[PDB]
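Notes for the one structure printed next.
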Ligand SMILES: [Cl-]
Ligand SMILES: [Cl-]
Ligand SMILES: [Cl-]
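Structure follows, in C-alpha cells:
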C-alpha cells in the first residue's frame, strides 16, 4: 500500500527513522513485506483546520481492492498514536483518509529502459 | 470541505493570514462553519503550463454532495487567490470534486 | 496532459530548464503542442520506497484517452532516461503510472472571474 502524510510540522521536527518506523508498522499490520510498501511524508506545508494553523496532519492510505471498512478503524488504531506522538500533533488534529487503488493500473519501472 | 492549493510561489511570499481568509471565504461559499473547513496550501512547487514557469496555482475543492455551484465558487475564490498570491488570474485553475462518503476523513482523537 | 513528479530529491538539485525539457519531451510523447503540457514537480518529500530512502521519483501522467499498454511503454521509453539522468536517480527507483483523465472534470480558469 501507499501511506501519505501531509503536515505543517517543520521538516527538522520529523524524527530520524520515522519513515522506517511507519513502513515497519504497516508491514506489521498487513503482514506484507516492506518491499512493496511506499510512504510519503510531506512537511513544511501551510495547513489549517478551522482556521487554526496549529500542528496538524492530513493523511491518506491507498491499498488494493478494499482492505478497509472496519480495517479502516484498525488502521486508525494502529497509526494515529504513532503519528500524533512522533510528529508532536494533537490526536484530534490528525486525519486519515482511506482510498481504494485500481489493481489493474500498472506502474512502470524505468530500469526496463534508460 | 477540503481546499488544496498547489503553487510555485515561495512560502515566504504567502501572506500571513491567508489561511484564515481562505477559510472564511470557503465558509461563505459552502455555507458551512469554519470548523469543518480544511485548507492546504503547497508552496515552492516546480510548476509549468502554457509554456511558462511564471507564478501559477492549480487548486481543488473536495466536498460531500453541479456546474452552477462550481461557477459561483470560482467567482468567490479566484480574486482572492490571484490577488493574495500575486498570480495572474489566467494562471489560476480550480477543479471541483464530489467526495465519496465511503470513505471520509477519520479523526484520531478517538483512537491511539 | 498533466505530469506529476514526486521526488525526495532536493528542490535545489533540480537542474535549470528541467521543466522546459520535460515539457518538450512530453509534447513529443503525447503529440500535443508544448503549450498544452502541464508539469508539476514536487521535490523535498520524505520518501521511503522499497524500504529505501535513497533518491527516487514516483511519477504520474494524466491525459484524456484510453489507457493502452503499448502507448504507456513508448511513454516510458521517452521519459525514463530523462528523469533518471536529470534528477540523478537510479532508473530502478523511477516509476511512472498512467491515468485516464475524466473529460467531464472541468478545470475552471480564473481569468473569467478575475
Ligand atoms: Cl495564517
Ligand atoms: Cl449556464
Ligand atoms: Cl515503442
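Residue numbers (UniProt numbering), protein chains in the order written: chain U, 2 to 115; chain R, 2 to 66, 69 to 115; chain F, 2 to 115.
C-beta: ideal position from N, C-alpha, C; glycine also.
Next item on the list: At 7 Å on the CB atoms, spell out the chain B contacts of residue 60 of chain F, in chain order.
Entry: In the structure shown, chain B cannot be found, because the protein chains are U, R and F.
Check: What number of angstroms, rounded off, separates the C-alpha of residue 14 of chain R from the C-alpha of residue 35 of chain R?
Finding: The residue given as residue 14 of chain R occupies position 13 in the second chain. The residue given as residue 35 of chain R occupies position 34 in the second chain. Roughly 24 Å between the two C-alpha positions.
Checklist line | Within 7 Å of chain F by C-beta, residues of the region 10-37 of chain U in sequence order | finding: 15, 20, 21, 24, 35 and 36
Next item on the list: Let me know the secondary structure DSSP gives residue 57 of chain R once reduced to three states.
Entry: As a position in the second chain, residue 57 of chain R is number 56, starting the count at 1. Coil, per DSSP.
Notebook entry, point to check: Helix, strand or coil: how does DSSP classify residue 88 of chain U here?
Noted result: To locate residue 88 of chain U, count along the first chain from 1; it is residue 87. Residue 88 of chain U: coil per DSSP, three-state reduction.
Check: Residues of chain F with CB under 9 Å from residue 1 of chain U, in chain order?
Finding: Nothing about residue 1 of chain U can be reported from this structure: the residues present for chain U run from 2 to 115 only.
Margin query: Between the alpha carbons of residue 99 of chain U and residue 9 of chain U, how many angstroms are there, rounded?
Written below: Numbered from 1 along the first chain, position 98 holds the residue referred to as residue 99 of chain U. Numbered from 1 along the first chain, position 8 holds the residue referred to as residue 9 of chain U. Cα to Cα, the separation comes out at about 20 Å.
Check: Start and end of the beta strand (DSSP E) containing residue 50 of chain U?
Finding: Numbered from its first residue, the first chain carries residue 50 of chain U at position 49. Unbroken beta strand (DSSP E) run through residue 50 of chain U: 47-50.
Note to self: Could you tell me the alpha carbon to alpha carbon distance between residue 108 of chain U and residue 96 of chain F, rounded to whole angstroms?
What the structure shows: Counting from 1 along the first chain, the entry for residue 108 of chain U is found at position 107. Counting from 1 along the third chain, the entry for residue 96 of chain F is found at position 95. Answer to the nearest angstrom: the Cα atoms are 6 Å apart.
Item checked: Closer than 7 Å at the beta carbon, the chain F residues around residue 115 of chain U -> Here residue 115 of chain U refers to the residue found at position 114 when the first chain is read from its first residue. Neighbours of residue 115 of chain U on chain F, chain order: 81, 82, 85 and 92.
Check: Looking at the unbroken alpha helix (DSSP H) that takes in residue 19 of chain R, where does it start and where does it end?
Finding: For the purposes of this step, residue 19 of chain R is taken as residue 18 along the second chain, with counting starting at 1. Where residue 19 of chain R is concerned, the enclosing alpha helix (DSSP H) stretches over 19-31.
Check: Interface residues of chain U around residue 112 of chain R at Cβ under 7 Å?
Finding: Within the second chain, residue 112 of chain R is the residue found at index 109, counting from 1. Within 7 Å Cβ-Cβ: 92 and 93.
Next item on the list: State buried or exposed for residue 64 of chain U, treating a residue as buried only when at least 16 other CB atoms are found within 10 Å of its CB.
Entry: Here residue 64 of chain U corresponds to residue number 63 of the first chain, with the count starting at 1. Classification for residue 64 of chain U: buried.
Check: What does DSSP give as the partner residues of residue 97 of chain U in its beta bridges?
Finding: The count along the first chain starts at 1 and reaches residue 97 of chain U at position 96. According to DSSP, residue 97 of chain U bridges with U/60 and R/109.
Item checked: Proximal residues, the region 38-57 of chain R versus chain U, C-beta separation under 7 Å -> 38, 39, 40, 41, 42, 43 and 44
Checklist line | Beta carbon proximity, residue 75 of chain R to chain F, threshold 7 Å | finding: Here residue 75 of chain R corresponds to residue number 72 of the second chain, with the count starting at 1. No, residue 75 of chain R lies away from the interface with chain F (no Cβ there is under 7 Å from its Cβ).
Margin query: Against chain U, does residue 98 of chain R count as a neighbour if the rule is that its beta carbon must be under 7 Å from one of theirs?
Written below: Numbered from 1 along the second chain, position 95 holds the residue referred to as residue 98 of chain R. For residue 98 of chain R, the answer is no, since every Cβ of chain U falls outside 7 Å of its Cβ.
Margin query: I need the straight-line Cα distance from residue 41 of chain R to residue 49 of chain U, nearest angstrom please.
Written below: Counting from 1 along the second chain, the entry for residue 41 of chain R is found at position 40. Counting from 1 along the first chain, the entry for residue 49 of chain U is found at position 48. Cα to Cα, the separation comes out at about 7 Å.
Notebook entry, point to check: Any idea if residue 11 of chain R is buried or exposed, counting beta-carbon neighbours within 10 angstroms, 16 or more meaning buried?
Noted result: Reading the second chain from its first residue, position 10 is the one you call residue 11 of chain R. Residue 11 of chain R comes out exposed.
Notebook entry, point to check: Is residue 104 of chain R helix, strand or coil by DSSP?
Noted result: Residue 104 of chain R sits at position 101 when you count from the first residue of the second chain. It is coil, neither helix nor strand.
Item checked: Whole-angstrom C-beta distance between residue 90 of chain F and residue 56 of chain F, which should lie under 8 Å -> Taking the third chain and counting its residues from 1, the one referred to as residue 56 of chain F is at position 55. Taking the third chain and counting its residues from 1, the one referred to as residue 90 of chain F is at position 89. Between residue 90 of chain F and residue 56 of chain F the Cβ distance is about 4 Å, and since that is below 8 Å, they are a contact.
Checklist line | Backbone CA spacing between residue 52 of chain F and residue 27 of chain F [nearest angstrom] | finding: By 1-based counting over the third chain, the position of residue 52 of chain F is 51. By 1-based counting over the third chain, the position of residue 27 of chain F is 26. One C-alpha to the other measures close to 30 Å.
Notebook entry, point to check: Of the residues U/72, U/84, U/114 and U/110, which one's Cα is nearest the Cα of residue 105 of chain R?
Noted result: In the second chain, counting from the first residue as 1, residue 105 of chain R sits at position 102. Ranking U/72, U/84, U/114 and U/110 by Cα distance to residue 105 of chain R puts U/72 first.
Item checked: Among U/94, U/33 and U/23, the one whose alpha carbon lies nearest that of residue 114 of chain R -> Position 111 of the second chain holds residue 114 of chain R. Per the Cα distances, U/94.
Notebook entry, point to check: Which residues, in chain order, sit with a beta-carbon under 6 Å away from any heavy atom of ligand 3?
Noted result: F/74, F/75 and F/78
Margin query: Can you tell me whether residue 112 of chain R is buried or exposed? The criterion is at least 16 other CB atoms within 10 Å of its CB, across all chains shown.
Written below: As a working mapping, residue 112 of chain R is identified with position 109 in the second chain. It counts as exposed.
Check: Does the Cβ of residue 2 of chain U have 16 or more other Cβ atoms within 10 Å, making it buried, or fewer, making it exposed?
Finding: Here residue 2 of chain U corresponds to residue number 1 of the first chain, with the count starting at 1. That one is buried.
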